[PDB]
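Every residue, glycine among them, receives a Cβ derived from its backbone with ideal geometry; neighbour counts consider all protein chains shown. Derivation of every value follows stated rules applied to the coordinates shown; laboratory data play no part.
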Amino acid sequence: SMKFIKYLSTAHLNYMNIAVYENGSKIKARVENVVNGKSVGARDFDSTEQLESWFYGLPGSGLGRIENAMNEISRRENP
Amino acid sequence: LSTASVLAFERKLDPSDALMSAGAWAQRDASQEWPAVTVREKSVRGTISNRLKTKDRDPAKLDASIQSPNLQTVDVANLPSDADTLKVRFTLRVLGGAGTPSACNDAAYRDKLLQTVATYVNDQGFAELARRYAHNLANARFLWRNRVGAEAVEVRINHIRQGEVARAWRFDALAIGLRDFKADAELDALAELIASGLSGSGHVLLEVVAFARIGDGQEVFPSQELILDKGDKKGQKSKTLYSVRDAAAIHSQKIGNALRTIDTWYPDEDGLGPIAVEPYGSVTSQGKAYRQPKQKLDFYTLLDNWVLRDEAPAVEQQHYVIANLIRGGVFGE
Amino acid sequence: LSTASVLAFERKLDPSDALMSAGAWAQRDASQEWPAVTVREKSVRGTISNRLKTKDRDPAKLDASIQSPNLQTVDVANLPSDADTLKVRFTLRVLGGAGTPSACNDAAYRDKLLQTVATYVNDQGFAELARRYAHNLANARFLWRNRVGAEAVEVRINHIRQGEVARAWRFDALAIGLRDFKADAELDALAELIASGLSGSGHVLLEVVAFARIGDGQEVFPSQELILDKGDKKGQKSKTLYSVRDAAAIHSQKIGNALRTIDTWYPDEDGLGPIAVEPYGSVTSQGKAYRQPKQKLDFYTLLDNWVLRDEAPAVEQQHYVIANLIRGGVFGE
């Protein structure tokens with residue numbers, strides 16, 4: 001049960017974007033290929049306010065900022 | 001007596017990386033100096049027009065996916081806006097004696113293959129295979145997508161002995177057809193020259209110059225550099241073209257594959273045109289498994305039948321086998 | 001019969017990149033020498049204009065934002081201060097053979113698609129589609145924002161048979177409408193030239209030149225490039241315009257999009273007008289995808305009905321499917 005909310009950008013980059021799912025009281029951000037749904041990395045979040053404070057805290061402006069977001073999520077999170 | 005298991009037939013009729021330049025038609029005669037076509041850069045904003053599911057996908061998700069653009073970045077290459085002719089120049093070593101390999105276990109199989117290749121050199125030197133290679137040189141098979149849409153394609157083929165010329169042919173690739181193979185006196189002469197050049201009679205080195213009116217500013221098609229992209233490292237970039245030192249080039253593999261379209265007797269069809277000559281012979285783009293191994297018409301099982309059981313099908317299948325050994329490759333697993 | 005897992009179509013009506021240059025009206029007859037419009041660079045200090053979140057609607061936060069710098073650097077392209085018109089030229093190849101895919105797996109789906117496009121062509125030619133493409137050449141759709149607010153626009157189209165021009169046309173892009181499709185003698189002659197080109201019965205090479213009398217020093221609009229404003233040193237220029245050597249250019253795909261703005265039977269309305277031909281036909285610049293696959297007008301739906309099940313749609317949707325095949329694309333799963 002992961003209800004879709006919105007894509008994180010206005011434009012897709014290379015058929016790649018960040019989808020936003022509501023996973024219970026948490027909230028999900030998956031790096032997905034838009035034509036077939038293959039995820040290449042996700043990260044857990046809880047509130048949309050802190051998610052936007054994290055996203056707008058990234059360096060960049062627009063598609064460069066979501067490039068930074070997909071490079072951040074698309075690496076393996078360290079133990 | 002069994003046959004050798006580790007075998008390596010080697011490359012023969014090796015072409016060079018074809019370099020592309022650009023100039024004007026009818027001034028192509030005194031042209032050795034044309035500036036190289038180079039790979040430029042541009043950006044693309046497109047929609048999403050690929051097929052989309054109706055199962056396990058939300059309606060809001062596909063509404064948000066179609067209505068949002070795709071901003072990728074691609075490479076292109078064009079002619080200049082005052083130059084309407086794509087010149088393609090490459091060289092072609094013709095070595096000689098593609099029968100024996102240089103990787104053999106069994107000495108009895110190796111000189112047995114020497115016996116049968118000396119038999120084929122004895123009864124008739126390379127004639128119809130040389131016809132088909134000279135005719136693929138005659139039209140513009142090495143111009144892959146550069147061919148279609150052009151109004152005038154010329155092929156000029158010179159031969160090398162020293163710092164001088166030996167023969168200067170001139171082939172009209174529009175007048176010379178694409179599908180039905182014929183023979184003409186210049187084509188007889190070129191097929192005879194490389195017929196000597198195939199049976200180990202010496203050294204033959206050619207260089208081929210092509211020209212094609214397309215129109216000023218139009219798209220040329222150099223080959224595409226590959227990348228894996230399996231999962232991670234998705235990328236902002238797509239369509240990486242192939243280059244050399246500051247020029248747009250075509251791979252040696254694909255111009256050689258353009259030279260190696262010979263087989264008109266593959267068992268699936270015989271009127272659709274020839275296919276590529278290889279063991280388990282089937283073109284990559286179609287994906288249909290032509291030349292199924294469960295018949296006797298491979299290179300694998302047919303060579304195993306032809307070198308042990310000492311029988312033979314009709315002569316065209318032997319032309320296919322001799323084209324397999326001129327091609328090269330691996331025999332056995 | 002099942003459709004193939006790999007389909008592909010090369011594009012017809014492929015243009016080149018436009019080349020912009022400026023000069024004077026009533027001198028456009030001798031215009032082979034006009035200097036090209038260059039992309040210069042200026043500095044911009046912005047302002048606070050976007051919608052506030054209403055949690056930041058304080059006095060002190062707005063005053064700090066107004067005291068904050070918003071300095072940027074952008075590209076602009078203007079005419080020279082004595083030039084009042086814009087010359088735009090490009091060439092256009094018309095290939096023909098617009099039913100044959102360039103890649104397919106199923107040999108039965110291939111032949112069924114061939115006789116389906118063949119019985120379309122036998123039922124009616126390319127005359128309506130070429131009429132609409134001759135309209136989008138006649139008016140100045142490829143002048144996207146350059147047309148908007150122009151004194152007078154004029155389009156010259158030549159047919160290039162050899163090194164010498166064979167057939168000429170002279171149009172008026174403002175009197176010829178942007179909203180409907182009409183008939184005229186020179187329009188029907190150009191439409192028959194395009195229709196002969198699309199049916200493989202000739203080689204058509206068209207160069208198109210457009211003149212737009214705007215004003216002295218006004219801002220022309222070359223196509224804009226994709227740049228990723230990431231965290232490099234101090235921020236770079238935030239607006240890159242596409243160019244070539246010493247010339248501001250429009251992309252080829254922007255002109256190709258402006259040629260295929262044909263579709264008037266998306267099921268929403270006739271109040272808007274013609275949109276671009278597209279699978280899941282989507283005007284992304286207004287965020288709405290017309291011709292949704294939830295109705296029965298999607299291109300993949302019409303293809304899978306009219307090729308597999310052999311049920312024909314309305315003639316207007318047949319024009320839509322054949323314009324999609326002329327467009328090219330990556331079709332199949």
All other residues with a Cβ under 14 Å from the Cβ of B:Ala30 taken together, and with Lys, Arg as +1 and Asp, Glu as -1, what is their net charge? +1
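Could you list, in their original order, any pairs among A:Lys26/B:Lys239; B:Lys12/B:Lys296; B:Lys233/C:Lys55; C:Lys53/C:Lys230; A:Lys26/B:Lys61; B:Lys53/C:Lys112 whose Cα atoms are separated by more than 31 Å?
Flagged as over cut-off: A:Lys26/B:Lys239; B:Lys233/C:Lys55.
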DSSP-loop trypsin sites (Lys or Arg not before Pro) across region B:184-240, with at most 10 other Cβ within 10 angstrom: B:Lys230
In whole angstrom, note down how far apart the Cα centers of region B:8-31 and region C:262-295 are. 47 Å
Cα centroid separation - region B:91-152 against region C:100-154, whole Å: 44 Å
Quick one: Debye curve from the C-alpha atoms of the protein assembly as shown, no solvent, what's log10 I(q)/I(0) at q = 0.07, 0.11 Å⁻¹? -0.63, -1.36
Residues with amide H under 5 Å of A:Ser61's amide H, sequence separation 5 or more or different chain, H placed in the peptide plane at 1.01 Å from N; which? C:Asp229
Between C:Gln124 and C:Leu178, what's the calculated FRET efficiency when r is the beta-carbon distance and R0 is 22 Å? Round to 0.05. 0.30
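Could you tell me the relative contact order of chain A? Use alpha-carbon pairs under 8 Å, at least six residues apart, and round to a whole percent. Don't skip to the end; give the middle numbers.
Working: 118 pairs, mean separation 17.8, N = 79.
Reported as a whole number, the value is 22 percent.
Can you put B:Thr284, B:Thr85, C:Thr240 in order of Cβ neighbours within 10 angstrom, beginning with the fewest? Kindly include the intermediate steps, with their values, before the conclusion.
Values: B:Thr284 9, B:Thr85 25, C:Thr240 15.
Ascending Cβ contact count within 10 Å gives the list B:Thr284, C:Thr240, B:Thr85.
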For A:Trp54 and C:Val44, what is the calculated FRET efficiency with R₀ set at 22 Å and r taken between the beta-carbons, to the nearest 0.05? 0.15
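Which value, in debye to the nearest 20, gives the size of the charge dipole of chain A about its Cα centre, when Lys and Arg are +1 and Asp and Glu are -1 at the Cβ?
On the way: 10 positive and 9 negative charges, 50 e Å.
Dipole about the Cα centre, nearest 20: 240 debye.
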Of A:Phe45, A:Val35, A:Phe55, which is farthest along the charge dipole of chain A in the positive direction, counting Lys and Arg as +1 and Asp and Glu as -1 at C-beta? A:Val35
Report the local net charge at C:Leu79: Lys and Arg +1, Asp and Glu -1, summed over other residues whose C-beta lies under 10 Å from its C-beta. -4
Output the DSSP H helices from chain B with an along-axis C-alpha extent of no less than 20 Å and a mean Kyte-Doolittle hydropathy no less than -0.5. B:107-123
Hand me the GluC sites (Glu not before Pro) from region B:154-204 located in a DSSP loop with no more than 16 other Cβ atoms within 10 Å, in residue order please. B:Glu164
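Can you give the average number of partner chain beta-carbon atoms within 10 Å of each beta-carbon in peptide A:28-36, as a whole number?
Across the residues of A:28-36, the mean count of other-chain Cβ atoms within 10 Å is 3.
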Surrounding net charge for A:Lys28, when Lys and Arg each add one and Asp and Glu each subtract one, Cβ distance under 13 Å: +1
Taking chain C and dividing mean pair separation by its residue count, relative contact order in percent (alpha carbons under 8 Å, at least six apart): 27 percent
Region C:240-333, relative contact order [Cα under 8 Å, separation at least 6], %: 19 percent
The distance between the Cα centres of region C:188-250 and region A:16-63, in whole Å, is 36 Å
Need one value for A:4-13: mean number of C-beta atoms belonging to other chains within 10 Å of its residues' C-beta atoms. 5
